Amino acid sequence: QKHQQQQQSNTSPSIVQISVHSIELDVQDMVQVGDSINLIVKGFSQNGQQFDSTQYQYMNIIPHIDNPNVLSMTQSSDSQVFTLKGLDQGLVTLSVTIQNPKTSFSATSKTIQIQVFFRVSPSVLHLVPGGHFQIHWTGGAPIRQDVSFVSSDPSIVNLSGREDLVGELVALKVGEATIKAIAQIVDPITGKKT
Amino acid sequence: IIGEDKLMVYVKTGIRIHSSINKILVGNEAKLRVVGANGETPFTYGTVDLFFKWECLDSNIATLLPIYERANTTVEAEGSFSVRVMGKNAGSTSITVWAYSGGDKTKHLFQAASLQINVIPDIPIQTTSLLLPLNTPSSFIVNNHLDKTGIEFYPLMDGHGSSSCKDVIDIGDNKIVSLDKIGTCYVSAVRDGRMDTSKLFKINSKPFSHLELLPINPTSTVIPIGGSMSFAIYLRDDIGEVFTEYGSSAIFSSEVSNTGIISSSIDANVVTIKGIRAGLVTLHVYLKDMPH
Amino acid sequence: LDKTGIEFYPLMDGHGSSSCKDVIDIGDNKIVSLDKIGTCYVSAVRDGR
Amino acid sequence: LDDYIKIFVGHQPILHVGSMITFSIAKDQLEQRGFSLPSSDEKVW
Amino acid sequence: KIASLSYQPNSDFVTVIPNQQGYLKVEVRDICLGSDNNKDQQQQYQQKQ
């Protein structure tokens, strides 16, 4: 009477659920400019059970991307797998919709964000003592980045602020200085600056 | 007894702005509303003696507009818990709202934290455009009478290869159809093999992001006992672009905060309502199966 | 349409017929026609959108 | 063969009630003393 | 569409000819020695590595 839960019937039956109700996207969150990563699209049932790779040939898989100039996508020789490629620096929001080509019913993934991995303008500036300027910059990750500035001699060229984020500079004395700009992201899970 | 259930009523707090979108293109709009600081919707407070002054920090980026527009009313005359904002020039501007009594307007009861609205620049090249929901057929070709023998349709790929239009739309039997995915397609309409007579158009594929109930050419802010007014339901994307065809999945619902003041009826995307008793009422409208 | 963050992309036919390179060039915020009779299609993109 | 042109686009004051003024700094005398100028956004007043 | 390849049988090298802007990636196989893409063995080691 006490152990009665564990006696399975050795003639294990098969169970077929005839019907995709949710989608997982299995992929990396970061890629380098010029390199590629793979996206795998996992479709599941009303019960959270998967579909086998052998069935994605019957599924209308429609990917969705906001910024195809920063990250491109192609489908592979497996219907379940897509190749992603970094084209220029930035951020891209991605999702996938699977549709039923017999009933028009659809399911969509969560949205995910993939990041692609900056420059200053001008690269050379000339000023007179008492002159002011604001540094301009291009690329990096403009939806996640700090940009901070560091002068090699604050007595020749100083920065205007408290926290050196503004990119405004003031020429104080005759001389020559480097302002290093640094684009940085905070990891939203570990708090790590990169 | 076949059941018991227990509503908690709290009688208490403050105000905030609400919108499902905060980007707008130049020339697009978004409808804003107030919601309370516990979560009080215009369905639980909207009929009360509350009068709402709205304001915008710069009116050259984006302007406020009234709801009953065509009666020649203003936002200050409406005092409404819901208003419009229209994009004029690119940039971010901030909108603020204060709640007063309708009897006492000398001092506010509550003030909201200000919402930013970020206006996006247009590209000023008049380009025939559609915006379709996912998995949805479009009647556009029949509606513009582009059905006619010797018209031809060709999807246009980007030179970087990015627009695989096959992943966003199909085109067959003089129809257009959107697919499972968010994106943009470009298409030429050619005729008689001639590229020199041809035309170009855009198709966007997106989910619905925002919903707007607005009066169809009102003569007043008010609806007759025994008479009626009609209100159109607009659906917008994440930049305020209006969907050109809603598909057969866009089912609407309507709810009424104080019963027997009005009756409502919906046909297609139009709510017609009729006056039955004297009073104030909030009408609520939502997309049935996406009630956010 | 000169303004920073506007982008211009020539659009090829899916049959490969419109080699736009044989009909126009696009550079320095200019358009230029070439030696040949034809039709080109172009998108004006902005901010990668 | 070049040329240049300046273009403008639009102590102890005694004032009248309802009047308006703009206060300014000798930028040139910060510069001649090796001090930097404020930025366009700098809360210096 | 980004660039054409051209090579001869038993060549040490391939020539690249530019067609469009972007990123080409070029890859190579050895005909006598294959490639280290031996995915069968990679599945077992992933449990530990």
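For this coordinate set, the PDB header names cryo-EM as the determination method and states a resolution of 30 Å.

Per the PDB entry, chain E carries the name Nucleoporin 210 and comes from Dictyostelium discoideum. As recorded in the PDB, the entry bears the title "D. discoideum nuclear pore complex".

Under the PDB entry, the name given to chain C is Nucleoporin 210, and the organism recorded is Dictyostelium discoideum.

Caption draft 1: Representation of the sheet that holds strand 20 (residues 262-267) of chain B. Residue and element names in this part refer to chain B. Within the open sheet, the four strands sit side by side as 17-18-21-20. Their pairing is antiparallel. Strand pairing shows two members of the sheet lacking a second neighbour, strand 17 (210-215) and strand 20, which therefore form its edges. Between one strand and the next, the sheet's axes are offset by a mean angle of 25°, whatever the strand orientation. Looking at chain direction, strand 20 and strand 21 (residues 270-275) are connected through six bridges and run antiparallel.

Caption draft 2: Broad picture of the packing of aromatic side chains. Residue and element names in this part refer to chain B. For the coordinates displayed, the defined rule picks out 10 aromatic pairs over all chains. Seen in terms of ring centroids, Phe153 and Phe201 are 6.5 Å apart; in terms of plane orientation they differ by 85°. Their pairing is edge-to-face. Of this pair, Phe153 sits in strand 12 (residues 151-156) while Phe201 sits in strand 16 (residues 194-205), and the two are 48 residues apart along the sequence. Grouping residues by exposure puts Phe153 and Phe201 together as buried.

Caption draft 3: Expanded view of the pattern of salt bridges. By the definition in use, this model includes 23 salt bridges over all chains. Between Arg194 of chain B and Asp196 of chain B there is a salt bridge, and its shortest N-O distance comes to 2.7 Å. Taking relative accessible area as the criterion, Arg194 of chain B reaches 42% and is therefore assigned partly exposed. Overall, the relative accessible area of 54% leaves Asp196 of chain B in the exposed class. A salt bridge links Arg49 of chain C to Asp238 of chain B; the nearest nitrogen and oxygen atoms lie 4.0 Å apart. Here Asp238 of chain B lies in the loop between strand 18 (228-236) and strand 19 (252-256) and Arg49 of chain C lies in the segment after strand 4 (41-46), a pairing that spans two chains. Under the relative-accessibility criterion, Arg49 of chain C is labelled partly exposed at 47%. For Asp238 of chain B, a relative accessible area of 23% puts it in the partly exposed group.

Caption draft 4: Up close: the environment of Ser188 of chain B. Residue and element names in this part refer to chain B. Mapped onto the elements of the fold, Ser188 is located in strand 15 (residues 183-191). Given the relative accessible area of 2%, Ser188 is considered buried. A C-alpha to C-alpha distance of 7.1 Å links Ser188 and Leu156, two positions 32 residues apart in sequence. With residues near it in sequence (within four places) discarded, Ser188 still touches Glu152, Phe153, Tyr154, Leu156, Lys199, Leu200 and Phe201.

Caption draft 5: Highlighting the side chain of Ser163 of chain B. All names here are of chain B. Structurally, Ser163 is set in the loop between strand 12 and strand 13 (169-172). For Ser163, a relative accessible area of 8% corresponds to the buried category. Only 3.5 Å separates the side chain of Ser163 from the backbone oxygen of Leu156, close enough to count as a polar contact. In this structure, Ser163 is in contact with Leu156, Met157, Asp158 and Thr184, ignoring residues within four places of it in sequence.

Caption draft 6: Region of interest: the sheet that holds strand 15 of chain B. All names here are of chain B. Spatially, 10-16-15-12 is the arrangement adopted by the four strands of the open sheet, whose pairing is mixed. Because the sheet does not close on itself, it has two edges, and the strands there are strand 10 (129-132) and strand 12. Along the sheet, successive strands turn relative to each other by an average axial angle of 30°, direction set aside. As defined by bridge partners, strand 12 adjoins strand 15 across six bridges and the pair is classed as antiparallel. Note that in strand 15 the partner of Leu156 across the bridge is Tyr186.

Caption draft 7: Seen up close, the interface of chain B and chain C. Between chain B and chain C, the residue contacts involve 19 residues of the former and 15 residues of the latter. Taken over both partners, the interface formed by chain B and chain C buries close to 1,500 Å², and the fraction arising from carbon and sulfur atoms is 67%. On inspection of chain B and its partner chain C, the count reaches one salt bridge. Where chain B meets chain C, there are one residue pair in polar contact. Element by element, the count of residues in the side of chain B that touches chain C is highest for strand 16 of chain B, at four residues. Along the lines of polarity and charge, the residues of the side of chain B that touches chain C split into 13 nonpolar, three polar and three charged.

Parameters at a glance
- Residues numbered from 1 in each chain as written, not as in the entry; some residues may be left out.
- Chains lettered and ligands numbered in written order.
- Part of a larger assembly, values for the part shown.
- Heavy atoms only, no water.
- Pairing = 2+ DSSP bridges.
- Helix = DSSP H or I, 4+ residues; strand = E, 2+ residues; numbered from the N terminus.
- Axes fitted to C-alpha atoms, helices over the stretch in contact; angles between N-to-C directions.
- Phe/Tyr/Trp six-rings, centres within 6.5 Å; stacked < 30°, edge-to-face > 60°.
- Buried < 20%, exposed > 50% of the residue type's maximum accessible area, 1.4 Å probe, protein only.
- Salt bridge = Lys/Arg side-chain N within 4 Å of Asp/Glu carboxyl O.
- Contact = heavy atoms within 4.5 Å.
- Polar contact = N/O pair within 3.5 Å; in protein donor to acceptor, adjacent residues only side chain to side chain.
- Buried area = accessible area lost by both parts, 1.4 Å probe.
- Nonpolar A, V, L, I, M, F, W, Y, C, P; charged D, E, K, R; others polar.

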